[PDB]
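Asker: Can you keep this structure in mind? I'll have questions shortly.
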Amino acid sequence: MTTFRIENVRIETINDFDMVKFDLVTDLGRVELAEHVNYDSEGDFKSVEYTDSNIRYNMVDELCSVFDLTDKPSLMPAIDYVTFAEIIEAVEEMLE
């Protein structure tokens, strides 16, 4: 599996609400991604959305463009092959 790291993490407010923009850096290149951010009742960061996630629904070709998709079973979806959960979990680590 293509390993990754998260770089250039900044939180901007886009389209009247808050998204984290970051670079997904693998040995095969880097792409800018953007995902919505959740906060606790106090306005402090709580989580990065993984469900109504902008990446899973609008930036999969971007996400996959740095992963080596050969060796993926054809019948397994690209979004499930790449370590998308691990990616979201790493962005959350950068934001605490």
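Naming scheme: A, B, ... for chains in displayed order of the structure tokens; residues 1 onward per chain; ligands 1 onward as shown.
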Quick one: everything within 12 Å of residue 39 in chain A, counting only C-alpha atoms, minus sequence neighbours fewer than 3 positions away in the same chain. Send it as number ranges by chain.
Answerer: A: 17-19, 36, 42-49, 92, 95-96
Asker: Go ahead and write the residues just picked, N, CA, C and O atoms, as a tab-separated table (two decimals), in the first residue's frame.
Answerer:
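out00.tsv, written as the output of this step:
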```tsv
chain	number	residue	atom	x	y	z
A	17	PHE	N	-18.43	28.32	5.49
A	17	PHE	CA	-18.17	27.38	6.57
A	17	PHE	C	-16.76	26.83	6.45
A	17	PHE	O	-16.05	27.09	5.47
A	18	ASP	N	-16.35	26.07	7.46
A	18	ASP	CA	-14.94	25.83	7.74
A	18	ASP	C	-14.48	24.50	7.16
A	18	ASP	O	-15.09	23.45	7.41
A	19	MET	N	-13.39	24.55	6.41
A	19	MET	CA	-12.78	23.37	5.81
A	19	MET	C	-11.27	23.39	6.06
A	19	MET	O	-10.65	24.46	6.11
A	36	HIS	N	-14.47	19.11	5.50
A	36	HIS	CA	-15.19	19.89	6.50
A	36	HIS	C	-14.71	19.54	7.91
A	36	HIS	O	-14.23	18.43	8.18
A	42	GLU	N	-17.72	24.46	22.38
A	42	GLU	CA	-16.90	25.60	22.76
A	42	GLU	C	-16.18	26.23	21.58
A	42	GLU	O	-15.42	27.18	21.78
A	43	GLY	N	-16.40	25.74	20.36
A	43	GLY	CA	-15.72	26.28	19.20
A	43	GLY	C	-14.32	25.75	18.97
A	43	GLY	O	-13.60	26.29	18.12
A	44	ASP	N	-13.91	24.72	19.70
A	44	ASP	CA	-12.61	24.09	19.51
A	44	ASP	C	-12.77	22.84	18.66
A	44	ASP	O	-13.80	22.16	18.71
A	45	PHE	N	-11.73	22.53	17.88
A	45	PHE	CA	-11.77	21.41	16.95
A	45	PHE	C	-12.18	20.13	17.66
A	45	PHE	O	-11.75	19.86	18.79
A	46	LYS	N	-13.02	19.33	17.01
A	46	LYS	CA	-13.44	18.03	17.52
A	46	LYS	C	-13.09	16.90	16.58
A	46	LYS	O	-12.47	15.92	17.00
A	47	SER	N	-13.45	17.02	15.30
A	47	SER	CA	-13.20	15.95	14.34
A	47	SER	C	-13.21	16.54	12.94
A	47	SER	O	-13.70	17.64	12.71
A	48	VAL	N	-12.65	15.76	12.01
A	48	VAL	CA	-12.76	16.03	10.58
A	48	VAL	C	-13.77	15.05	10.01
A	48	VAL	O	-13.66	13.84	10.24
A	49	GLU	N	-14.74	15.57	9.26
A	49	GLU	CA	-15.82	14.72	8.78
A	49	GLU	C	-15.30	13.66	7.81
A	49	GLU	O	-14.46	13.93	6.95
A	92	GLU	N	-6.61	14.72	11.46
A	92	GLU	CA	-7.11	15.04	12.80
A	92	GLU	C	-5.96	15.17	13.79
A	92	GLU	O	-5.98	16.05	14.65
A	95	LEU	N	-4.38	18.47	13.69
A	95	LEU	CA	-5.25	19.58	14.06
A	95	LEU	C	-5.54	19.66	15.56
A	95	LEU	O	-6.31	20.53	15.98
A	96	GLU	N	-4.95	18.79	16.37
A	96	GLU	CA	-5.17	18.85	17.81
A	96	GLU	C	-4.05	19.62	18.50
A	96	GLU	O	-2.87	19.34	18.29
```
Asker: When DSSP works through the backbone of this structure, what residues of chain A end up as strand (DSSP E), shown as JSON, numbers by chain?
Answerer: {"A": [4, 5, 6, 7, 8, 9, 10, 11, 12, 13, 14, 17, 18, 19, 20, 21, 22, 23, 24, 25, 26, 29, 30, 31, 32, 33, 34, 35, 36, 37, 38, 39, 45, 46, 47, 48]}
Asker: Going by DSSP on the backbone, which bits of range 35-96 of chain A are helix (DSSP H, G or I)? Write them as a VMD selection string, please.
Answerer: chain A and resid 54 to 58 60 to 64 78 to 81 84 to 94
Asker: Would you mind exporting C-alpha atoms of the selected residues as a short mmCIF file (atom, residue, chain, number, x, y, z; two decimals), in the first residue's frame?
Answerer:
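Result written to again.cif:
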```cif
data_model
loop_
_atom_site.label_atom_id
_atom_site.label_comp_id
_atom_site.auth_asym_id
_atom_site.auth_seq_id
_atom_site.Cartn_x
_atom_site.Cartn_y
_atom_site.Cartn_z
CA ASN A 54 -16.00 16.32 0.63
CA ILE A 55 -13.10 14.04 -0.33
CA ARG A 56 -15.13 10.83 -0.58
CA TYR A 57 -17.88 12.56 -2.59
CA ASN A 58 -15.99 15.16 -4.65
CA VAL A 60 -11.72 10.77 -5.16
CA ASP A 61 -9.82 11.16 -8.44
CA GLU A 62 -7.58 13.60 -6.56
CA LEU A 63 -7.22 11.16 -3.66
CA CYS A 64 -6.45 8.23 -5.97
CA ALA A 78 -10.79 2.71 -5.01
CA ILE A 79 -12.12 4.62 -1.99
CA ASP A 80 -11.97 1.42 0.06
CA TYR A 81 -8.55 0.33 -1.21
CA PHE A 84 -8.82 6.93 3.49
CA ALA A 85 -9.65 6.27 7.15
CA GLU A 86 -5.93 6.43 7.98
CA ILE A 87 -5.68 9.68 6.01
CA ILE A 88 -8.54 11.37 7.87
CA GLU A 89 -7.09 10.12 11.16
CA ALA A 90 -3.73 11.71 10.34
CA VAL A 91 -5.28 15.09 9.46
CA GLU A 92 -7.11 15.04 12.80
CA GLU A 93 -3.80 14.39 14.56
CA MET A 94 -2.32 17.45 12.83
#
```
Asker: Considering only C-alpha atoms, state which residue in the set A:40, A:35, A:68, A:23 is at the smallest distance from residue 8 in chain A.
Answerer: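 Looking at the shortest contact to residue 8 in chain A, the residue is A:23.
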Asker: How far is it from CA of residue 16 in chain A to CA of residue 65 in chain A, in Å with one decimal?
Answerer: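 Spanning CA of residue 16 in chain A to CA of residue 65 in chain A is a straight-line distance of 28.4 Å.
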